[PDB]
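Everything below concerns the one structure shown next.
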Amino acid sequence: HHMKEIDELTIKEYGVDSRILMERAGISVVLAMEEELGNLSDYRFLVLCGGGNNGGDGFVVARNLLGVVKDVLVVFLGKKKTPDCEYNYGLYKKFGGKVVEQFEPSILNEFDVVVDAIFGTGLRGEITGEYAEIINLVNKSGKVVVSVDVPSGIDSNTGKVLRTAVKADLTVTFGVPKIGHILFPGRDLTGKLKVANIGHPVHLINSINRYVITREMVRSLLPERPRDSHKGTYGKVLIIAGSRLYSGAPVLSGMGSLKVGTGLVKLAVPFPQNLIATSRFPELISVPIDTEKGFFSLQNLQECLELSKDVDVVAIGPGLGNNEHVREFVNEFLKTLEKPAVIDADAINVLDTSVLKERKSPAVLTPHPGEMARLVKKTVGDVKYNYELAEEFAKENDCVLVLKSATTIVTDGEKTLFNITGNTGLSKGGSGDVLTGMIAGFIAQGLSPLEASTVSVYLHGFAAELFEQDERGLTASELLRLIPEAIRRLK
Amino acid sequence: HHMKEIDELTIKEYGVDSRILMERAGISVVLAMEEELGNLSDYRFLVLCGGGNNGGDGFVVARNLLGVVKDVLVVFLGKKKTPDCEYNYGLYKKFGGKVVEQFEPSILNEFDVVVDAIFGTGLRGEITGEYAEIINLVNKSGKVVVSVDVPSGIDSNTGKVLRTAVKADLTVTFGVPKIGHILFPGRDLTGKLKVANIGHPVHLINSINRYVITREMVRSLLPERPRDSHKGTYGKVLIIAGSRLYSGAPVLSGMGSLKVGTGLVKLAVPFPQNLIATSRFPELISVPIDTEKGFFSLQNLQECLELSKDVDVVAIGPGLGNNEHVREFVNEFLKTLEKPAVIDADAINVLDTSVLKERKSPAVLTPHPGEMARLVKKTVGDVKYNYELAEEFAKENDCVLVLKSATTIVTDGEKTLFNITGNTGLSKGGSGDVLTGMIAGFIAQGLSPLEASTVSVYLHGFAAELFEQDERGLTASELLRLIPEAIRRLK
Amino acid sequence: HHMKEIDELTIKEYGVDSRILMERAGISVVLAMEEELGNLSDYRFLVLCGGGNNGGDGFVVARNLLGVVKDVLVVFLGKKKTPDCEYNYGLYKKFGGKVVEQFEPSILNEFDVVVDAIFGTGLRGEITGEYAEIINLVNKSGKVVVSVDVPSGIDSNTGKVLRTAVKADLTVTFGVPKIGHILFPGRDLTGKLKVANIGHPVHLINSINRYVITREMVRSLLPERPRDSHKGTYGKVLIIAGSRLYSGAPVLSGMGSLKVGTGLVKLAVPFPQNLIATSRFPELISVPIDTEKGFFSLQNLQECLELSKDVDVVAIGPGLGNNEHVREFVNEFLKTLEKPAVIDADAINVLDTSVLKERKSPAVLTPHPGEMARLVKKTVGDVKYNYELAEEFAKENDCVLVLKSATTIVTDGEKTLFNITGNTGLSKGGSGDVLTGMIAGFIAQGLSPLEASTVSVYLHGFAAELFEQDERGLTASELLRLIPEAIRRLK
Amino acid sequence: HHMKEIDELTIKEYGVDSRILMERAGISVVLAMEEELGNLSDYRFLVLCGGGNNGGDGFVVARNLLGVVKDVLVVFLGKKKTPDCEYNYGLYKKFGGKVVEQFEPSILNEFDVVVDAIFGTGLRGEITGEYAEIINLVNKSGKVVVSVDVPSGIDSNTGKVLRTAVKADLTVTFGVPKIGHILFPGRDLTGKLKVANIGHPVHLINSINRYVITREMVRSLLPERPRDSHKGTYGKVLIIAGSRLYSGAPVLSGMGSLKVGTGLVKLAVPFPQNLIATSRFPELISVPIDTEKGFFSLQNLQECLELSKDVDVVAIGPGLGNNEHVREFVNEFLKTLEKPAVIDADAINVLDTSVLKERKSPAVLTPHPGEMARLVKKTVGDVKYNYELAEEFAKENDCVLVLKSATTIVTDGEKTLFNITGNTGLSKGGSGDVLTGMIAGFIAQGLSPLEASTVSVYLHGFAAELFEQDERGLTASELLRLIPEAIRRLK
Amino acid sequence: XXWXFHXX
Amino acid sequence: XXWXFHXX
Amino acid sequence: XXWXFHXX
Amino acid sequence: XXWXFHXX
């Protein structure tokens, strides 16, 4: 399940001396710095070591720089040392390394690089006292900061800052990325992350059931485009969206499905707002739904169920509005719909989760954290980046949960993936509407809900990154344009 | 407050001999010409000097070209000479420089470059007589004209032509740009402006409370795009615009807000004209406003106030029309709205300024000079480029005034900035609608009204300059497209 | 003095666990292969391991490729295993690595890369039996061969093949290059050599008193060319060379001195053969020596001693001939000459070594191995690459011995350097004549005899490598031309 | 005659306030640093000021950096201040500049650039005491050093170091280069020299009768190559050179004449050494001179005088040897020769200067300083870079003296030029032989002796600089090859 | 080349 | 390089 | 970059 | 451009 367990098995069961793992970790930090800084000869290194195995790794780094760079100094901050940190402290001194135990603030102007080996993974407690003072000084120093394993002060299991943390230019971790490298604020504090192989059995590395979504994984999940194909080959999507107030949502979702290669995309949108979609993109089918007052209601249940009969996936929620008639409609519809559903935005906001448990057919929910918060009646702060909550929600409700944020969590309760593509251009209305259609699109082409969600979050974000100008000018329409280049660039 | 005061302090208080300041000024003119013309050896220079310190600077220039270029002649036009001009006349002659006091028209075909040191800053009176005749000849001569400080005949405090003025290819001024280099017609007559450092204390240079808006200033005001952000981070804008007659205005304003990185943009537009916006840009939220006859009225006050509750900034005015019902609505709305307001176009045209004074919340008004003229019941000629009037208006009404023109004046009554980005492509309907949304956008993301106005005017104009073809073909839609490249190019 | 001693101190005195050193060695082999082969995923690796620590290193390599490349198999050839090889065998198996103990010949067509970790350093005995059979098969296999430490079968202390040895494409050794990587045949069998840092204290690495001559070392020994210099600054060389039979030798030596930056070069050559030198290169001074029969004799002793008075270094021997009169002359001359002497070719062939011991002034002898063999009355096979013999000769005779070969040995009996620049183009008459002058040149400019010899051998060879066409067309004249480019390329 | 006199006239006679000259000097230092360092914002400047006008200039520099760069500090080292240094100290402080009077050694690690305004021109006395300590520290500091006027410690009239001097990366002097920038060691300590125009009348700048030889001056002295020309147009040279011992000298001189465009070049060289020349370069005419023992003597007077009849210039001395018979010959020849003579090497060594005074025809003598020393019976240290001695020698003997060194002095006693082209490749036998022929060549084509000497020294050196590889490999033959490219590159 | 390090 | 001149 | 390997 | 500075 995690890395301290993997280290332990590697030592106790496989028989790798823990000092070897530690040597490799330290060495890996040097090679990583060398590849980020170039030739390290001319640099002066201040290594800050705790008494834990993180500090021990730091002593390996320091020892390995000895004689090879302009200067090395270790400021040992701990009170006691673990056996392996003691051994490596011992070797550092044997090799003629200078250690001091007092951090004088002025010390860091005598150095170019700060190697932060103070606290490692599974630091639980809030950092106060002189440790904090030291970390704040380092962060104010403007020196190049390389963190060993995780920037000190980051909770490696959550990415949260434990009152204060080091901001690293480079972080070299071992075996796998840690949840705290991947979730914010931790992801910001990590800087450039390198994941070193320090000798764990590859089996154990793959015993891990949480993953960053990579280009290669998405390449391999992307559906086949067999030459002898027809529209039918690539699935049919229904998208139930829009209202008199939110007329543009349907267009973005629908176009999202098409840009990912779906054969046929149909919108059901209240008339005359349905016409907005085909004016922009006449490839779309935008069916007029006659409504009393501009919103879906139970009056439209039957028509939408009929439209659902001849499609593979239904996406619902973008721009529907939130009133009681929409609520009634969304829940009766989903209760009755025997098709995969991608449930977004306003459909989540009116969703009765009982309905979701009772469904035989699959679902993907794509909440941003305020939607999630209302859905589970928690605070945004409770739900934001809360991967365990999202897992348990998915497991309980037999759905795939795509909890959106700068790092997006995709989980079915068994497998949990983290998306790290994207930029702040996606922090703008319309973005989510696009993703919703992409997911439905990929489901329609035959990917499982989880697969479709993995692929979509990855591309949606990668497409935002391909925008040619400043990210903050990115809009959903331009994002749609960029989707096929993102797919090309996968391959 | 200004440059003659800065010179005086630098002399009397700091103790820099006025002759040193003058030497530096003259020398700076030579180096500036050298960098515009390349090697000055092969050129023949006609220096035209008045009896003021501008003329004195000219004698420094002439003396410094002596022996170093093909020819130098000074035509001294003054009747008397200031002490420093006398000293430098004296040195020019000592160094073997030829001076004549008669301007024979034919003289200028014997020269390549005319150095205009006739009249400097704070020339108050209309130029007539032989001075005029001379300046007209120079302007008809087709020679390269370098003006010392300001082109002679330009009022350095207003940019107005005092009956006639020199048209310079290059102007070298000292310490800071002068208002007359920045405002038209002065800005046109200045040609290429170089601002020389001639030795004033940097403190005094910064004692100045009027500024040209620069790339660097805007770069530094641009809001932060923190990776761990959501739509909410980047603000919410309401835009109240449009009418049955002016259906496209809302689309441009709304899109202006989005292109500058605003998280959520909502328009309130009379139905069915609201649908025009989402057909063009479905990322927008365009709310249908039910109106009696195609225009906002008091019947819509309550709905717009409700819509205002859940946003950061309201922009109002683009395409609203000008009737009594619009007037009633705009003024009751703004009287009651406890949110920053960006007040444009037709909203300014019906604005009761009493309402503006009585508002607790901030405002930005974005008049073109005809709108300003009607707003303060003055002639366009009174208000155009009238920075003092705009300051006093802003100070009186507790607003930020963005008085649009080829040079745009942004002021809060305390700080006054001048924008010089842009081109005549912005002299076309729609342009102002874009700027209005950008401002609201930047306010929504957290910039003060003045900051948002500074940044926006700069980019709006820079974006027009990035258009790839002839400026006169620029339209607002293309301008929107260019905004994110302008922002990229800032950085 | 050597590497097994350095390992031992690093372990016993410094306290580095021998398993750590071994892990680092193995890891270093993987990274070296990765950098020579690129991504190793698609490769199949046959690792051949002995029971020694070389084999142990191989098990580290194999373990570290496990799970990461297409295939790994270890053929364990040993009968018993050292403790560290046992530990790493143990880990390899724990990690799921396949080991067999039988080498079936067909096995190597199932693999792309053979990792030779059979025998390491300090293998003393001739390889016969199945070990030989295996090594011969590997060499016939045409697979990529990477040797750990040294190609198996090479004596690491001499470079000699112990009946049979592996021919490697790449060899990764640790700490320092070994004498067997540097001397032939070992140097040929090594292929591309990478010297890995596996964690020995840098002090111990530098405890070694034998060195490969590097670009950086030569750059740093190169004399200063102070701008305010005259001919006198850069020394004066006398070269006593030539005979009626060998007229071109003097020209090459003399020109060798000049091309390395010597201020003044004078030849004493029997008339009229002296004229040959200034016809080719009129910059030279070529003094006519009147001789009875075309060769130097005691009749010329006095004249050469007089010529020696006003120079810094005398080079003698190139093209003198070998008769009794030359013998008498060379030995009386050197006995009496109180100047540094560079003794080459025929001067070595007639040299009485007693004379050499009895000299107060320094000497450099530049024998090829046949000259050395005659000089010490040994067989060429005894003397070729015999660095210990050359050291003892230098120590005994208070000289610097430059024993020429594809690897050239430069030693003063205390410090021993190995030159590895050059190519077979230097295996041609005239080459040595050039080197002789270069040495004298560098001595004249102020380098010690050893320094001058180090720099010269390096450049002489580097200059041969800069020849633009096939090396076998290289001649001494072209080599002279290339010397200044070699010196430029140093810096 | 010199710069303090020029300053004084500019002030007292022309009427330029000395403070203006000083402002310009200081400003010029800033602009020069800006052009060497780029944007100076990010730099910290330590300005070291004496109490003289050099220090005063430094205060101008410091004041002008105030507010504009990261840091400025002035360490004022003087005891008293001149009026203008007092004024500028005063202004620096008024502008908020920090001054200290104690130089603490550690101070220079807080700064990037040291501006050395301690001692200016006409420092006479040896620097000892704390001034020395300070200058030594600066030189050990490894900071960028900019010297004002001259590096402190250099005698501006001789280039000699007054016990210790600053080594500058950049030196900014005013009006003209000073003799101490041009002669070594001063020329080395100066680093990159910029000569600023600080406002002196151009007449006074040209009142100076000592000059650096520039490309433009040489371009303009180069003789005309009229299309309708014959061999005869380009002059005829006789070169009397060579001996049995020095056979290659004639070839180099002769080829030197041809490469500069001389129509006909004839050597008189003792047979058979004359044959060496046409074997190398068959374009040459090399006349056999029958001699008793390999050297010219009075037996050859008549033949050489006859050969002199049908040429324009005779060059004599290269490789003649120094015996009494050569002495007799050289002096009777020159006493009798009614043709311009270029007298080199061994001809100078046997020259009776009485003979030189008594000649109606012109002469150029080309001594290196050891030849000059013997010629005037002074020590090399007396004569080296002794431009006044060379002037007086030329004036007394009615000759042009080309006193060779890294800076070569060419003088006729009235005009004195300094050559600064070349490199240490010219510090090698043969170099001077080439120059000798070039001079004779240029005289033959019609340049005066002084003109021919100016042009030749310049090109000889420029040709050495065009060598493509390391300068120390340059030989005279290669120098000959490079002469026509040097001439091309002039134009 | 990827033996030692993986990306993000 | 900006010591002497600023732009517009 | 030279921490791990030296050349020949 | 040569108004201010000459070379060597």
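One is the number of the first residue shown, and numbering goes on along the chain from there.
Placed from the backbone N, Cα and C atoms, the Cβ positions cover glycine too.
For the K(+) site, Swiss-Prot lists C:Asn54, C:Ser152; matching the candidates C:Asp17, C:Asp112, C:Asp116 against that entry yields C:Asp116. DSSP classifies C:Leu426 (ADP binding site) as helix under the three-state reduction.
The secondary structure of C:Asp116 (K(+) binding site), as reduced to three states from DSSP, is extended strand. For the K(+) site, the Cβ centre of C:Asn54, C:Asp116, C:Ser152 serves as reference, and the other residues of the chain with Cβ at most 8 Å from it are C:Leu48, C:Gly50, C:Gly55, C:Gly58, C:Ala117, C:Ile118, C:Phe119, C:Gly120, C:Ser147, C:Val148, C:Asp149, C:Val150, C:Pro151, C:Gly153, C:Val166.
Using a 10 Å Cβ-Cβ cutoff, C:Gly432 (ADP binding site) registers 25 neighbours. Chain D lies within reach of none of the binding-site residues C:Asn54, C:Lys404, C:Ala406, C:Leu426, C:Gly430 when a CB-CB distance under 8 A is required. For the region 'NADPHX 2' (C:368-374), residue counts in helix, strand and coil come to 6 helix, 0 strand, 1 coil, using DSSP. Using a 10 angstroms CA-CA radius around C:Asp116 (K(+) binding site), the binding-site residues that qualify from C:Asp149, C:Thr408, C:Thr424, C:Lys428, C:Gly432, C:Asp433 are C:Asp149. Within its own chain, the region 'NADPHX 1' (C:53-57) is flanked in space by residues 22, 25-26, 29, 76-78, 81-82, 84-89, 117-121, 148-149, 152, which lie at least six positions past its ends and keep a Cβ under 8 Å from the stretch. Annotation note: C:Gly319 ((6S)-NADPHX 2 binding site) sits in a coil segment as assigned by DSSP.
In the structure shown, across all protein chains, C:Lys404 is the one of the binding-site residues C:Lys404, C:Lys428 with the greatest number of other Cβ atoms within 10 Å. Cβ neighbour count within 10 Å across all protein chains ranks C:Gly319 highest among the binding-site residues C:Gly319, C:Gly430.
Sorting the binding-site residues C:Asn54, C:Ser152, C:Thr424 by the number of other Cβ atoms within 10 Å puts C:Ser152 first. DSSP assigns C:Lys404 (ADP binding site) to coil in the three-state reduction, outside any helix or strand.
Remark: of the binding-site residues C:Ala406, C:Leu426, the most isolated position is C:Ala406 (fewest other Cβ atoms within 10 Å of its Cβ). Cα-Cα distance from C:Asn54 (K(+) binding site) to C:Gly430 (ADP binding site): 44 Å (rounded to the nearest whole number). With C:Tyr131 ((6S)-NADPHX 1 binding site) as the anchor, the candidate binding-site residues are C:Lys404, C:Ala406, C:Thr408, C:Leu426, and the one with the nearest CA is C:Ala406.
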